[PDB]
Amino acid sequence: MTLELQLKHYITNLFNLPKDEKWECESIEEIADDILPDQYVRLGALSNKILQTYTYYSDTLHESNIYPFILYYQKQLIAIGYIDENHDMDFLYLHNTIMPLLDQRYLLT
C-alpha cells in the first residue's frame, strides 16, 4: 500500500470522512523553516533545506480544514502528518536528514 494511501486511510478513519472520496494532491517546494515547528529545524539538519511537499485536498477535507501532507527532501522521506484548523501540526513521521526524529508510522496501519 502506497504511503499516500496509508495516510488517506489513517485520515479518513481518524476524522470519519468518506473513505472513497477522491483526493487531489498539491505538490510544491518550500524551505523547511517556513513549514515545520521551530524545534524540528536546526542548522546542519532541516534548516535551509528545500522540501518537496505534497498536500492532499478534497471537498470534505476542505470542509474539515484538515491538511494531510508528506514532505520529502531529494527523495528522502522527511515528514508525514496533517495540519488542522488552528495550525496545530500533527506528525506521524519526522526525519531531519541526519536521523529519524519521530517514527509513528505504525499508527497508520
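What we label the rigid core is the largest C-alpha set whose atoms superpose within 1.5 Å from one form to the other. Don't overthink the numbering: it's just position in the shown sequence, from 1.
Exercise for the section: State which stretch is farther from the displayed form on average in 4 other deposited structures of this protein, 88 to 96 or 17 to 25, counting RMS CA distance after fitting on the rigid core. Expected result: It is 88 to 96 whose C-alphas lie farther from the shown form in 4 other deposited structures of this protein.
Problem - Farther-lying stretch by C-alpha RMS in 4 other deposited structures of this protein, rigid core as reference, of 43 to 51 and 29 to 37 - result: After the core superposition, the stretch with higher RMS deviation in 4 other deposited structures of this protein is 43 to 51.
Exercise for the section: Can you let me know which of the two, 34 to 42 or 70 to 78, has the higher average C-alpha B-factor in the entry? Expected result: Averaging CA B-factors over each stretch, the winner is 34 to 42.
Handout entry: Residue range whose averaged C-alpha B-factor is higher in the record, 54 to 62 or 24 to 32
Key = The stretch with the larger average C-alpha B-factor is 24 to 32.
Handout entry: Ranked against its chain, the third holding the CA B-factor of residue 97
Key = Middle third - that is where residue 97 ends up once the chain's C-alpha B-factors are sorted.
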